[PDB]
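Summary of the model geometry
Here are the chains, one letter per residue:
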Amino acid sequence: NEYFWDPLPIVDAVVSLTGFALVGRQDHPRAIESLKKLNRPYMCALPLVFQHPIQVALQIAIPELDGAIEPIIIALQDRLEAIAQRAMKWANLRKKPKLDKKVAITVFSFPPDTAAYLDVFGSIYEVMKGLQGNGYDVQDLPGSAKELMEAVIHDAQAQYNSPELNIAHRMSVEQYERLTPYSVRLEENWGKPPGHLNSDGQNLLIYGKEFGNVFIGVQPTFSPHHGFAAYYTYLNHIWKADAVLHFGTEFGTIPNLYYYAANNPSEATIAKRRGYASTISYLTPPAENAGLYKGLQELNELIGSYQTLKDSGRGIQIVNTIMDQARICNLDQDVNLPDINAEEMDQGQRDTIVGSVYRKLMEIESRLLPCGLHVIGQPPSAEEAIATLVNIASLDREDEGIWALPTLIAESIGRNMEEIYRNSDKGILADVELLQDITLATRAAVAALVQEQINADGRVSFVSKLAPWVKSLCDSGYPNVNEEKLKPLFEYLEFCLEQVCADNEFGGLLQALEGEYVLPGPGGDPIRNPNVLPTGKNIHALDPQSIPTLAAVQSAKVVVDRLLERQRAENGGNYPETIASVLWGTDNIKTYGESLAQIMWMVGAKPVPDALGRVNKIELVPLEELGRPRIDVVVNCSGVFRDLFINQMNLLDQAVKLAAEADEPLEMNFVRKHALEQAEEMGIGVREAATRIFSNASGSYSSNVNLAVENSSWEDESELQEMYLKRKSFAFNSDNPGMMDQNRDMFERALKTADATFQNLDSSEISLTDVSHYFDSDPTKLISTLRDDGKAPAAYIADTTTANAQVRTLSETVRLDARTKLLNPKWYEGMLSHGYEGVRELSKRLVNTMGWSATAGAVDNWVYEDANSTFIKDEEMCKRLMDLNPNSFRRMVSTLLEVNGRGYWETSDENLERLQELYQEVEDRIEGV
Amino acid sequence: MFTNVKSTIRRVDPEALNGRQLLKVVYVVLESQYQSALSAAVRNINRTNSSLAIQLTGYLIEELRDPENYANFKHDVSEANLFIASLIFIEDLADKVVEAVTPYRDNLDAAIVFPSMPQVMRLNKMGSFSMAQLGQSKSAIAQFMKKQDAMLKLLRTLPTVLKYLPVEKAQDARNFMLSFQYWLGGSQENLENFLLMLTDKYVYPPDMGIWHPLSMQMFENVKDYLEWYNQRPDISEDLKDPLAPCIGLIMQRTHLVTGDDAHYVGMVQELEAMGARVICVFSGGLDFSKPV
């Protein structure tokens with residue numbers, strides 16, 4: 001504040017070499033106010049760069065909460081030159097005048113052969129317009145988003161000729177090798193330039209279209225081949241960009257901007273550290289309630305008629321009809337629907353059969369997910385924000401001193417909302433109806449506030465502080481709702497509404513391109529943490545030593561207690577001896593370490609925060625307090641979890657090894673039962689034998705099962721299972737944290753003991769079929785292979801996204817994704833209303849569904865049948881999809897022929913003949929004849 | 001067992017020395033919590049610190065009954081830098097411990113015995129300091145022991161003794177008192193600092209605030225300090241009286257960080273013995289007008 005001013009800034013860019021917070025307990029609110037005044041790029045390079053793995057992961061996290069960019073990932077030359085050149089190129093973004101600034105925008109995987117939820121060409125168009133509206137030299141800005149796509153991918157829809165990519169520059173071998181000095185190192189396995197990829201035979205081919213000072217580039221495909229290098233050689237040394245803008249949809253000196261989903265802190269963080277990145281946040285489409293349709297709407301009707309037909313004393317034969325329609329919807333797999341006529345059942349258990357079917361219908365109806373794609377700069381209207389607000393309203397907040405609207409509505413009847421959830425889970429009809437009633441109440445109250453503030457039309461600053469939501473609570477039939485507590489809640493909701501609707505997204509890119517400082521903010525779930533709003537920020541993860549919090553720990557025990565109750569029930573009442581779990585960064589950022597804390601509770605351990613609130617110690621809980629045996633664990637940590645949270649991997653390994661060393665009876669402590677046995681067989685100590693914390697080798701990510709399944713490049717499940725064991729068997733060691741050696745003997749011996757597999761669902765938008773990561777990390781069939789007795793483990797997936805914690809089977813969860821996403825009209829019509837890129841979203845869910853067949857066999861045959869029915873046997877929808885996007889439609893057909901070809905889909909010879917023609921029809925369209 | 005988590009491990013070894021110096025620690029104790037806290041402390045130092053590694057061997061006192069155990073104990077004492085003992089109140093084993101340790105008294109860079117039978121307490125050796133140099137409060141504590149209170153009687157005695165010693169033999173007595181204060185702390189990082197303090201001094205050589213030797217925490221304001229002061233049980237009510245003579249001391253944070261504060265401690269005790277309430281301010285800076 002003293003030396004970078006005199007008043008004006010006398011600095012175009014700051015490079016911190018302290019490798020601390022700006023203001024130290026670190027204070028980020030002050031540091032942010034300071035760096036926003038100066039309003040220049042903040043760069044930080046850790047001292048460690050210039051001279052282990054835990055201290056690096058604890059350190060690098062702090063500057064990120066300050067909004068820092070990182071110009072770093074033998075002589076000093078490399079590092080010094082890197083930091084230097086990047087600071088100059090950052091400063092040059094103030095020096096250079098607007099009308100001379102050149103802004104490369106790079107697109108990945110077009111034509112399409114993460115859960116971004118991004119209309120790419122939609123968003124680029126808005127960014128090109130925004131750039132023009134601000135005096136950048138944008139030449140010949142086309143008429144529409146489609147015309148823009150038409151300019152890059154000529155005949156993308158394959159009406160007339162093959163889709164092919166606008167060649168923006170041919171690059172001789174002379175120019176490639178001269179300007180790309182590392183071109184030789186690529187020659188090992190791609191040979192002499194130009195190779196077979198992005199080659200005409202003599203030159204490499206840079207794909208895109210120049211629009212004056214904006215260049216829209218394409219890299220359809222990814223050591224990387226000469227074409228991939230050649231593209232970044234063009235941007236850097238030939239087109240000479242001053243900034244490049246990527247979309248987060250992977251791993252020179254010019255500034256590197258990503259538009260990343262606000263709901264993906266973890267990958268955003270990997271980009272900050274791997275590609276020198278600055279990660280501006282965009283909102284995922286305004287979520288809608290999934291709704292009911294076809295057979296499921298019909299059943300909601302039958303059930304709606306059951307309370308009235310009891311008043312007529314007929315209420316028997318309807319339950320027979322209810323059970324039959326429930327059976328056609330395949331809800332027989334999610335509710336126990338015993339083969340017993342209603343007449344032969346008492347009153348109690350007829351109600352309970354309905355309550356059961358109705359709560360699973362309500363789960364489907366009320367699931368909150370996006371049903372379309374986001375254009376950058378086009379925020380949700382107040383109406384499309386109501387559903388989002390409903391669930392924001394449905395969470396108790398101690399740190400905002402407000403209670404969930406549903407808690408207050410239940411309190412008004414002297415009712416605990418936890419008791420209702422658990423009674424709704426049991427299928428007690430009375431409490432299913434009460435819950436659906438309270439939900440409808442909550443939906444209306446919040447809709448009243450939004451409708452009130454539409455026609456206040458910005459004349460009052462806060463419409464919540466002048467009322468129609470006490471009306472729409474009384475109209476609903478809950479008149480005694482404590483008004484002292486409604487006041488602050490609807491104050492919050494109105495604020496939350498305003499942040500959702502904010503249009504700061506284009507603003508953030510401007511600031512970055514001017515050479516200003518972009519306001520940092522938390523990545524996460526908007527619904528669980530509204531401070532993720534508004535978007536347009538350089539989003540950060542969080543202090544890896546701030547988790548888990550006492551709330552996350554407490555919620556963890558409920559989930560674990562619930563997983564163990566469900567696993568005993570489906571296994572004669574015997575606790576499992578080992579649970580195999582995945583840990584992702586993403587859900588632990590969004591829940592302040594719940595999933596992490598669940599694994600702690602399994603072995604009976606609690607995290608011990610110090611004086612300053614840092615979680616850097618762990619201890620065993622006595623058996624008295626656990627009230628059950630210590631369950632053994634196999635923890636598969638993602639590479640991303642490793643990168644952000646290796647400190648927690650350290651605690652988990654400490655916890656497990658204290659469990660194994662503990663002087664407890666083996667039947668009360670399964671870690672020690674297993675460790676003792678494995679110690680003797682392997683000829684080692686009990687502590688070395690208690691190795692349970694695993695990841696990819698340092699520098700690696702994923703099992704590569706995602707790549708094999710995307711490339712249909714695998715013969716049998718044993719290949720998938722083989723590379724998993726090769727790639728995922730790197731053992732963390734809290735007694736030697738630097739040495740993460742391969743330990744496949746231990747990985748096999750541990751997994752061998754697994755009775756169940758377990759993950760935590762991120763969110764409804766990053767669910768099991770939206771991405772490929774959950775299935776890539778799934779060890780379910782692997783475990784059935786390794787077990788001497790060949791038995792498949794029970795697969796469970798926890799969901800703590802709403803106030804109502806479910807622990808579902810993997811099958812339940814795959815069904816619920818199929819019913820709400822792929823096979824849901826609202827979901828597929830919403831996606832198809834965006835054209836080309838709509839089809840891409842459809843094939844994604846279907847490809848990720850195939851994945852689950854390969855790793856778990858968790859996919860019901862009906863999911864594939866109904867996919868074929870909805871999208872292929874409907875001659876309208878089929879021709880529509882093909883005309884809309886050949887490349888993605890070809891992928892939809894491949895996927896259905898594949899799941900049959902491999903043994904996951906049994907279906908009519910007729911269905912297979914159609915697909916086999918349709919694949920020939922669309923190969924012709926794409927490749928010529 | 002059901003209500004107290006206990007370990008089957010007595011021995012913690014660094015997984016790999018690398019470049020680092022090895023410290024060898026034997027302990028004899030009655031409490032399972034101090035056993036496991038030392039393990040946790042040693043085990044944290046081994047995984048984080050890049051010049052020091054610690055080997056820890058020890059027995060709960062009862063385990064020395066077997067000759068299997070007692071024999072490895074003797075051999076471990078032979079190689080040890082630090083010997084630690086605490087709460088050893090059985091005539092039988094007491095003497096096994098004395099026999100085992102007595103030879104290596106000169107070997108050991110230090111021997112720390114917290115409240116045990118008098119025979120064991122005479123093993124106490126920290127540079128020039130032993131139980132001998134307790135002025136005439138060797139007599140008092142020696143015989144209170146023979147019969148947690150015990151831990152505090154010896155703690156509050158230690159400042160009264162510093163004045164009757166020359167300065168080096170007083171810092172050694174203070175170093176003892178610090179190490180006893182850490183032990184009573186009993187936290188993992190308490191025992192980490194305990195082992196790094198003894199290693200630093202005897203084996204391998206807030207910007208401002210209020211300090212009292214008998215408080216583990218600094219105070220950043222007067223209200224907290226006095227609230228703490230009034231709850232002290234070791235002082236006459238006379239000193240809590242607001243009409244009591246109150247003397248300000250000014251000192252350098254340096255010496256409170258270093259632990260080289262023997263004369264500062266002895267000053268505070270002299271003034272308290274005279275019936276003076278004491279406020280000792282420090283600063284890390286050169287402007288002592290701030291804390292004044």
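Notes on the structure follow. (Residues numbered from 1 in each chain as written, not as in the entry; some residues may be left out. Chains lettered and ligands numbered in written order. Part of a larger assembly, values for the part shown. Heavy atoms only, no water.)

**A word on the overall build of chain A**
If you tally the helices and strands in chain A, you get 39 helices and 24 strands. In terms of C-alpha radius of gyration, chain A reaches 28 Å, essentially the compact-globule figure of 30 Å for 929 residues. When its C-alpha atoms are laid out on the principal axes, chain A stretches across 85 × 65 × 65 Å. A buried classification covers 60% of the 929 residues belonging to chain A. (Helix = DSSP H or I, 4+ residues; strand = E, 2+ residues; numbered from the N terminus. Rg over C-alpha atoms; globule rule 2.2 N^0.38 Å. Buried < 20%, exposed > 50% of the residue type's maximum accessible area, 1.4 Å probe, protein only.)

**Section: the sheet that holds strand β20 (residues 693-695) of chain A**
Strands in a sheet are paired, the pairing made by backbone hydrogen bonds, and the direction either parallel or antiparallel. Residues and elements named next belong to chain A. The strand order across the open sheet built from seven strands is β21-β20-β19-β16-β22-β23-β24, with neighbouring strands paired in mixed fashion. The open sheet has two free edges, formed respectively by β21 (730-731) and β24 (806-809), since each of these has just one partner strand. Here strand β22 (residues 756-760) runs beside strand β23 (residues 794-799); their pairing, made up of five bridges, is parallel. Its bridge partner lying in β23, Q759 is registered against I797. Lying on the sheet, helix α23 (residues 594-602) is in contact with β16 (578-583), β19 (632-637) and β22; it crosses β16 at an angle near 160 degrees. (Pairing = 2+ DSSP bridges. Contact = heavy atoms within 4.5 Å. Axes fitted to C-alpha atoms, helices over the stretch in contact; angles between N-to-C directions.)

**Description of the interface of chain B and chain A**
Taken together, the contact pairs 14 residues of chain B with 23 residues of chain A. Interface area for chain B against chain A, summed over the two sides, is near 1700 Å², with a carbon-plus-sulfur share of 55%. In terms of surface lost to chain A, no three residues of chain B exceed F2(B), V5(B) and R47(B), which account for 35% of the buried area on that side. On the surface where chain B and chain A come into contact, there are two salt bridges. Run the count over chain B and chain A and you get eight residue pairs in polar contact. (Buried area = accessible area lost by both parts, 1.4 Å probe. Salt bridge = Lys/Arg side-chain N within 4 Å of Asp/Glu carboxyl O. Polar contact = N/O pair within 3.5 Å; in protein donor to acceptor, adjacent residues only side chain to side chain.)

**A closer look at the side chain of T907(A)**
Residue and element names in this part refer to chain A. Mapped onto the fold, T907 is located in the loop between α38 (886-902) and α39 (909-927). Within polar-contact distance, the side chain of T907 engages the side chain of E865 at 2.2 Å. Reaching out from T907, the side chain makes a polar contact with the side chain of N911 at a distance of 2.8 Å. Contacts of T907, omitting those with residues within four sequence positions, involve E865 and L912.

**Points about the sheet that holds strand β8 (residues 246-252) of chain B**
All names here are of chain B. Strand order in this open sheet of three strands is β7-β9-β8, and the pairing throughout is mixed. This sheet does not close on itself; its edge strands, each paired only once, are β7 (208-211) and β8. Pairwise comparison of adjacent strand axes, ignoring direction, gives a mean angle of 25 degrees for this sheet. Where β8 and strand β9 (residues 277-283) come together, seven bridges link them in parallel fashion. Each bridged residue has a counterpart across the sheet, and for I250 the counterpart in β9 is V281. Running over the sheet, helix α11 (residues 262-273) touches β7, β8 and β9 and is turned about 180 degrees from β8.

**Overview of the packing of helix α13 (residues 347-366) of chain A against helix α33 (residues 810-820) of chain A**
Residues and elements named next belong to chain A. The interhelical angle for the contact between α13 and α33, taken along N-to-C directions, is 55 degrees, at an axis separation of 9 Å. Judged by the inter-axis angle, α13 sits oblique to α33. Seen from above, α13 lies across α33 with right-handed handedness. Counted together, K360, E363 and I364 of α13 and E812, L816, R819 and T820 of α33 form the full contact between these two elements. Here the residues of the contact of α13 with α33 sort into two nonpolar, one polar and four charged. (Parallel < 35°, antiparallel > 145°, perpendicular 65-115°, else oblique. Left-handed = near helix turned anticlockwise from the far one by under 90°. Nonpolar A, V, L, I, M, F, W, Y, C, P; charged D, E, K, R; others polar.)

**Observations concerning the pattern of salt bridges**
As enumerated under the stated definition, the model contains 68 salt bridges over all chains in all. As a salt-bridge pair, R566(A) and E812(A) come within 2.5 Å of each other at their nearest N and O atoms. Highlighted residues: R566(A) in helix α21 (residues 550-569) and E812(A) in helix α33, separated in sequence by 246 residues. Across the pair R43(B) and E661(A) runs a salt bridge whose closest N-O atoms are separated by 3.6 Å. Here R43(B), found in helix α1 (residues 32-48), pairs with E661(A), found in helix α25 (residues 639-661), and the two come from separate chains. Note on accessibility: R43(B) and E661(A) belong to one class, buried.

**Quick notes on helix α9 (residues 265-274) of chain A**
All names here are of chain A. Judged by how many residues are buried, α9 sits mostly within the fold: eight of 10 residues are covered. Listed in full, the buried residues belonging to α9 are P265, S266, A268, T269, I270, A271, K272 and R273. Where α9 is buried, its residues contact α2 (53-64), β10 (256-261), β11 (278-282), β15 (538-540), α22 (585-591) and α25. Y276 sits one or two positions beyond α9 and adopts a positive phi of about 50 degrees.

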